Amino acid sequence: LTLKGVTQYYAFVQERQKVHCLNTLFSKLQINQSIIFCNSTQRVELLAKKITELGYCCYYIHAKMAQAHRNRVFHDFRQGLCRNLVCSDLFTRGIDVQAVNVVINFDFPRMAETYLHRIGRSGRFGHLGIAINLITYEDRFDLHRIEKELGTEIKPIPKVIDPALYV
């Protein structure tokens, strides 16, 4: 589990804006396949419906689901049937997907280990992608503490994200 090869950004936003901000990223980034992380199961459910309101296909997985159910979803996502996946935290989430070049923390985690489980990759060589963290004013404390505890750096999103970082 490594961060090397992952370009990490953040963006400041209000809670009531996160859905409008997420749509902007949908229109700004060259997403092959996406994964979007929320902090609660119901938050995963509602976000999935909001993304569908916007017109994109949406899968989703959370802990309260059934393992037999998460398998069908993950397998279909793998094969590429739907492009975006919203999900909560899972001890046994699964292998990494090669077509996922954009991970989004729709909600910023509180512990550094969770960030590593969300943004980490298997092996430093090969995989290339970007991570975008949506942080509220309140989340700032956890942002500096998380990078210091990890030894990584999370920079403000730039005007243009070079495709060579995730395409």
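The numbering used is simple: start at 1 and walk along the sequence shown.
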| note | The stretch whose C-alpha atoms carry the larger average B-factor in the entry, 62-70 or 130-138, is 62-70
| request: Using only the Cα atoms and their B-factors as the entry lists them, report which of 111-119 and 98-106 averages higher. | output: 111-119
| task | Name the residue from 124, 43, 50, 28 with the greatest C-alpha temperature factor listed in the entry. | result | 124
| task | Just grab whichever of 20, 159, 145, 155 has the top CA B-factor as deposited. | result | 145
